[PDB]
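Okay, structure first, notes after.
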Amino acid sequence: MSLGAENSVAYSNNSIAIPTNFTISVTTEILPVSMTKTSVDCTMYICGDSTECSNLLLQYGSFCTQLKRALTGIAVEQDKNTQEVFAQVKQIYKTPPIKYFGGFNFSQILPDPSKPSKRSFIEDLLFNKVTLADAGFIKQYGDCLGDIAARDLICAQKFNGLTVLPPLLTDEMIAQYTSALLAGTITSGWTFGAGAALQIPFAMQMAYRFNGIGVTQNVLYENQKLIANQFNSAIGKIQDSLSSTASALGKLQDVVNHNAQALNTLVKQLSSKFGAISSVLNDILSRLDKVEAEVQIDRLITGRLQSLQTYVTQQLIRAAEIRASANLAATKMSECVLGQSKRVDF
Amino acid sequence: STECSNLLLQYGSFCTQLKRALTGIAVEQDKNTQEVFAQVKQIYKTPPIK
Amino acid sequence: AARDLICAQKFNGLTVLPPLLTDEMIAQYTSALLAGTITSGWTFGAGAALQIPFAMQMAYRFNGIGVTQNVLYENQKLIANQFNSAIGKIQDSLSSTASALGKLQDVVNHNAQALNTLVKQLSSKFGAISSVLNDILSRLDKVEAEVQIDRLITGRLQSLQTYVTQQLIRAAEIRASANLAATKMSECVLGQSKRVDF
Amino acid sequence: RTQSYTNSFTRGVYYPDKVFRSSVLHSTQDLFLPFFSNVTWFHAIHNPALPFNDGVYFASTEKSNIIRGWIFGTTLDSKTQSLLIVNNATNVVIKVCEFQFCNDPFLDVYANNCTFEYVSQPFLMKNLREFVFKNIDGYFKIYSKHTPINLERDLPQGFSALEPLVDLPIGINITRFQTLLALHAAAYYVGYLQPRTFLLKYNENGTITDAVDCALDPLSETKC
Amino acid sequence: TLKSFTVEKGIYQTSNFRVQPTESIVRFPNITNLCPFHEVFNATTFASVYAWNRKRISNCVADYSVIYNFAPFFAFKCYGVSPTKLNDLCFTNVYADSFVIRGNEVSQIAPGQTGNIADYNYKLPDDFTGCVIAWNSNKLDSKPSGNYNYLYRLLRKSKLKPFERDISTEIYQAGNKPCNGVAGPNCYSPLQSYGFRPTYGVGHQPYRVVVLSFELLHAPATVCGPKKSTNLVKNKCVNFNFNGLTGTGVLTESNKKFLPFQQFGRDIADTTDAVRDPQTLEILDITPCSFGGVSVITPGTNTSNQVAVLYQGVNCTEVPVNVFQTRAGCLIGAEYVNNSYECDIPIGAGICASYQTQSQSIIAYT
Ligand SMILES: *[C@@H]1O[C@H](CO)[C@@H](O)[C@H](O)[C@H]1NC(C)=O
Ligand SMILES: *[C@@H]1O[C@H](CO)[C@@H](O)[C@H](O)[C@H]1NC(C)=O
Ligand SMILES: *[C@@H]1O[C@H](CO)[C@@H](O)[C@H](O)[C@H]1NC(C)=O
Ligand SMILES: *[C@@H]1O[C@H](CO)[C@@H](O)[C@H](O)[C@H]1NC(C)=O
Ligand SMILES: *[C@@H]1O[C@H](CO)[C@@H](O)[C@H](O)[C@H]1NC(C)=O
Ligand SMILES: *[C@@H]1O[C@H](CO)[C@@H](O)[C@H](O)[C@H]1NC(C)=O
Ligand SMILES: *[C@@H]1O[C@H](CO)[C@@H](O)[C@H](O)[C@H]1NC(C)=O
Ligand SMILES: *[C@@H]1O[C@H](CO)[C@@H](O)[C@H](O)[C@H]1NC(C)=O
C-alpha cells in the first residue's frame, strides 16, 4: 500500500507563507442514532400453541421474563436516543416568507409546501437512497392473511412470534424538528440555542463567523458575492454527489441490514433438530409416548432458549454501540449547529 | 472425527454467527488503527537542517 | 525442545491474524505528523502546509494561552533548555521503569490468557466418561458414543460462546479507547486545545 | 464398438425432496451430478456393463423403438438373484429372476423362479431426454424431464430440473448395468453421480432455475 | 404478569390474545382392505436368517392391537416410534421380515451392532424407525435328534450393507489353494447348522424374530390405521389432523401450482403451510388464525383503575377471541381528542395517552 504522496515542505528561519484567497467547502457527516425495535414472544417461538410444551417450559423458570425485559429496555432506549438527539428546542421556529439571505439561498435544505411531508430536497434524496426492509412498523396481518404471490419473510417472522414495534416519533415530526432548527440557525444565528432567538441579517452573522476564526470582517464585506457563489456551488455539488453514488449512507444501510439478518437467523434456527428425532413438535407429540417425547421436547426447548439468548445478547451489544453513536451525534448536534466550535476536525 | 461433525451439523447455525462476530472484531481493529493514525494526506519530510 | 502454548493453540484451531498496517507504516505516519507539527504548526491539518520558523510558531502558541509573545523572544534560551531537560527526563523515566505501559501489557495478557483458557477447557469431561473423543469412539457402540459426543459438543459449544461474548465486550471497550485516542490526535497534535486537562 | 469421453458442460439436476418450497435457496446433501464431469458418449451399431458405483443416469436423443431397455444387475443368466428391468412401449416387467440369456444379449422380435413380479407405468414415451437411476437406501428413485434439443450436438448448457415420477424399490446388490436395445448409430450418454453439496435456486412456481456446486471453484464455495 | 399488586403509570405488555379452535377435522384416505398380519405372524415354518422373507404390506387398514393375540411375545420393542401410538398416526409402506435365531444373538438385531448375525446375515440401518419382536419357540422348533433345517452363514469376505441378503452357497476360500468344489483346508462351507435340542440352557433356545419395518409418510399414504374421517371445513380456525400430522390453523383455497409428485409445502422455518387432501385431489393453505400482542395502558393504582387495551398490529374489525384505529395497533377504552399536549404515556406513531379531567377518563392525542 501507499501511505500517501511525498511532500518536502520548504522550511527556513526567516521564511513565512501566507494565503491570498480562500475557498468555501461543504462536507457531509452521517451518524446513526437508532435502530429497529423488536418485541419477541418466547412462548410462541419455542412452543407454538402446544400445551404440554408450555407445561414443560414453566419448569425452566424466569428466562422469558428477563429476555422480554431486556428487549423492552432496548425498545425504550431507541426512542430515548432519538428524543435526545433531535428535540433540542422549546419552540418550532418558522422561516420568513422572503427568501433573501444576503446572496445565500437555502432552497435545497428548507422544506417545500408542495409535498405532503415537510421534507426538503436533500432529505428526499436521503430517504430515497436508503432501502429499508419494510418491516412490521405498519400493520401487516391483512397482507399476511391474504395469500398473494408467495410467502414473505416478514409474514414468517410475524407468524413465529417476532414483532417489530414502530417508533414514537414519525418522520414528519423529525422533519419539523429539522426545519425548526434550520430556520433558527439561518435567521437568529447561535442566539436561539442560548435563550431567546434574536434576529440578525445573515451577512452580518457571516461577518461574526469570519471574526471568530481569526479573519477580519472587512474581508467578507468586500467579497460577499464570491462567498455567496462559492457557498452556492459547494451546496450544489452535494446534490450531484448524492444523486449518483449510493455508497455514502452505508452506516445506516448496515444498521438496517444487521437487524434484518439477526431476525432471519432467529427464524432459521427453528429448523434444527438439536439432537432430537424431529424439528417439528407435533410429529414428536403424535409419534411418541409421554416420557420419551418429554425428553425430546426438553432438548428442543434448551436449543431454542439458547438461540433466543444469543439473539438477545447480540442485540444488547449492538444497542450499546448505537447508544454511543447517538451520544456522539447529539454532541455534534449541540456544538456544530447551535454554535461555533474551535475544536480541530470536530 | 466424522461422527462428531455429523452430529454437530444438527445444532443449526451456532458457528456462522461466531465466525461473523470474530470477523467483525478483526475488521474493527484495522478500522481503529486507520482511524487513529491515518490522519494526514501527504507524507511530510523534515528538512536536513536541525 | 518442548511443546509451546502457541503450538497447541494453533493445533487446536485457534489462529491469530496479523494486522494490516505494519509497525514501519505506523512509524512513517508518526514521523509525517511530527514533521508537519514541527514545520507548519496547525495549518497542515486545515489545508495546505504553510511554513513558519519554530520561534514564531512557539510565539503563536504563547499567544493562544493568553501570555503576550514578547516573553518568548526575551526567554528563548531558557525555554529551549527546559524543553531539552524535560525530553531527557522522559527518556530517563522510560529507561528506568516499565510500569507505565501496564495497559498495553494488559491488552497483550488478556488475549493470551483467554486463548490459554480456551485450550485448557478441552481437557474437561463435561459429565462424560472420557475427555478424549477417540476413546469414546473406540470404546462404545453407536448410541452411547453419540450420547457422550453430544455432551462433549454441548460443553465445547458453551465454552466457545463464552469466549466470543467476552471478545465482543473487550472489542467494544477497545473501540471506545481508540475513538478517544483519535480525538486526542485530531485536537492536541493538529491544533491547540483550550479544554482543561485534555 | 467405439467409445468417446466428452464433457457434459454443466447439465443435469433433479428435485431433491417431495415437498414444495417457493422463492428460497435450499442446500441439500445428495448423490449429485458433478459439474464439468467426464461423461462417455458411447457409440454402437451392432455393449459391456458399466461399473455402477452409488449413482448413474442416462441421456439419449434417439427416437422410435430402438431406444429401450435398461437391464440392471450384478450377473445375468443364472446363479445370483439380480434385477432385470426390461422396458417397451407400455410395460415394465420387474423381476428378480433371470431370463435365459447368453454371452450375447438380444431381444427377439419375430424366466427363472421369480420372487417379486411387479407391473407398473411405462418409463418412456429432436428430443434429448434425460433419465436418472439413482440408488440410495434400496429405493431406485427415477427423475426425468423432457428436453427438446434445438441443434443435434453434445450435452448443452442448462439447469432443468428432472421431476420425480417413479419410485420402485428393489433392495438388492447392483454393481453393473447392461443395456437392452431392440435388435432387428445410437447417440446415448453415460454419466456418473457423486455425493456433493448443492445450493438450488427456486422460484414462485417451484422450478430449479440455477444450481451451484460447492466444490467446483472457490468462488462457488464463497457463494455457498 | 408484573408479580405485584400495585402497578405504576405506563404501558405494559402482558400477554397475547389467540382465537381458540372450535372444531376438529380428521382426513384419512378411503381404504377398506385389512392388512395381512395373520399370514406373517401365524405360519407353519419360517425361513432361516440368511434367506429371510420380505413381505410388502400396503393399501389396507392396519390394526396393531390384534398383534398380541396372534403370537405370545412379551413386549413390542420399537426404536423410531413409541409402541403406544401406532394407530392414530399412519405411514406409507410396511415391510415384514422374519427369521429364527438363538437366544444369545437377540440384541444384535438393533441399529448399530456387531457380531455374527449383524455382520454376515442380517444388518439393521443407522436410523431404524420400525419395530422388532422376538419370543421363545422351544415347543414348535426343536427335536431330540436335532433341528438341521435352519442354517447361518459363519464366514464372508465383507460385512453386509443394511437390508441385504446373501443367498449364494459357494465354498468360502480363505487360502491360496483353489477350492473347485472341494471342501478341505481353508475351503469351508459358509452355512452351519444351529443344532437345536430341547435340553439346552436358557440362552440357547430358538427364538422367532419378526421385524415390522416402517417408513415415514411421503407422497403416497397407502397403509393407514383405523380412524373415522370428518367433512372438510374452510375459513375457520380449526384443528386439522391430515394423515397423522396434527396442528391448528385455517384452511383456504390455494393457487399454488403443485406438481403431481408434491404432497406438502414447507417454509424457511420448516413447518407445513400447504397440504394435499388424500380424498379429493386439492391443495389447502394452512395459516394460523388471528393473534397478536396485547398491551395494557394504565395510570397508577393510586389514581384510578381505568384501563385501555392496545391490540398491537391488527386492523381491528376482528377484535374478539371508544375504538380508535392507530398506526401502532388500535385502542379500546381511550377516546381521541382534537388537541395536542405533551406525551405522558407513549403508545405509537406520534400518539400518546393521558388521564385527565375535562368526569375523568383516558384520552388519546397526537
Ligand atoms: C538560519 O538558517 C540558516 C540556514 O537556513 C543558518 O545558516 C543560520 O545559522 C540560521 N540562524 C541561526 C541563528 O542559527
Ligand atoms: C437558489 O437556488 C434555487 C434553486 O436552485 C434557485 O431557484 C434560486 O434562484 C437560487 N437563488 C439565488 C440567489 O441564486
Ligand atoms: C476425460 O478423460 C480423458 C482421459 O484421457 C481426458 O483426456 C479428458 O481431458 C477428460 N475430460 C475432462 C476432464 O473434461
Ligand atoms: C455387493 O456390492 C459391493 C459393492 O461395494 C461389492 O463389493 C460386493 O462384491 C457385492 N457382493 C456380491 C456378492 O456380489
Ligand atoms: C410461473 O408461471 C406463470 C404461469 O403463467 C408464468 O406466467 C411465469 O412466467 C412463471 N414464472 C417463472 C417461470 O419464473
Ligand atoms: C394359524 O392358521 C391356521 C390355518 O389358517 C389355523 O388353523 C390356526 O388356528 C391359526 N393359528 C392361530 C393362533 O390363529
Ligand atoms: C375416494 O374418494 C375419491 C373422491 O371422493 C374418489 O375419487 C375415489 O374413487 C375414492 N376411492 C375409492 C376406492 O372409491
Ligand atoms: C385496514 O386498515 C386501513 C387503514 O386504516 C383501512 O383503510 C382499511 O379499510 C382496513 N381494512 C379493513 C377494515 O378491512
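Counting starts with 1 at the first residue shown.
The deposited model was determined using electron microscopy, 3.3 Å.
A Cβ is built for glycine as well, from the same backbone N, Cα and C atoms used for every other residue.
Annotated features, as they stand in Swiss-Prot:
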- A:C42-A:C64: disulfide bond (DISULFID)
- A:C47-A:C53: disulfide bond (DISULFID)
- A:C144-A:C155: disulfide bond (DISULFID)
- A:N13: N-linked glycosylation site (CARBOHYD)
- A:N21: N-linked glycosylation site (CARBOHYD)
- A:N105: N-linked glycosylation site (CARBOHYD)
- A:120-141: region 'Fusion peptide 1' (REGION)
- A:132-157: region 'Disordered' (REGION)
- A:139-159: region 'Fusion peptide 2' (REGION)
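Overlay of Swiss-Prot feature records on the structure.
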residue	record	CB count, 10 Å
A:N13	N-linked glycosylation site	10
A:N21	N-linked glycosylation site	6
A:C42	disulfide bond	18
A:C47	disulfide bond	21
A:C53	disulfide bond	22
A:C64	disulfide bond	19
A:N105	N-linked glycosylation site	16
A:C144	disulfide bond	20
A:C155	disulfide bond	19
Margin query: Please report the three-state DSSP label of A:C144 (disulfide bond).
Written below: helix
Notebook entry, point to check: Which of these recorded positions is closest to A:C53 (disulfide bond) if you go by CA atoms: A:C42, A:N105, A:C144?
Noted result: A:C42
Item checked: Candidate recorded positions A:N21, A:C47, A:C64, A:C144, A:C155, pick with smallest Cα gap to A:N105 (N-linked glycosylation site) -> A:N21
Next item on the list: Could you put numbers on the helix, strand and coil content of the region 'Fusion peptide 2' (A:139-159), residue by residue per DSSP?
Entry: 12 helix, 0 strand, 9 coil
Notebook entry, point to check: Where A:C144 (disulfide bond) and A:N21 (N-linked glycosylation site) are concerned, what is their Cα separation in Å, rounded?
Noted result: 63
Note to self: Measuring Cα to Cα, how many Å separate A:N13 (N-linked glycosylation site) from A:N21 (N-linked glycosylation site)?
What the structure shows: 25
Next item on the list: Report, in sequence order, every one of the recorded positions (A:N13, A:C47, A:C53) having a CB within less than 8 angstroms of a CB belonging to chain C; if no such residue exists, report 'none'.
Entry: A:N13
Notebook entry, point to check: Which recorded positions of A:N13, A:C42, A:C53 contact ligand 1 in the sense of C-beta under 6 Å?
Noted result: A:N13
Next item on the list: Calculate the distance in Å between the alpha carbons (Cα) of A:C64 (disulfide bond) and A:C47 (disulfide bond), and round it to a whole number.
Entry: 13
Check: How many Å lie between the Cα of A:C155 (disulfide bond) and the Cα of A:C42 (disulfide bond)?
Finding: 17
Checklist line | A:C42 (disulfide bond) versus A:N21 (N-linked glycosylation site) - Cα distance in angstrom | finding: 65
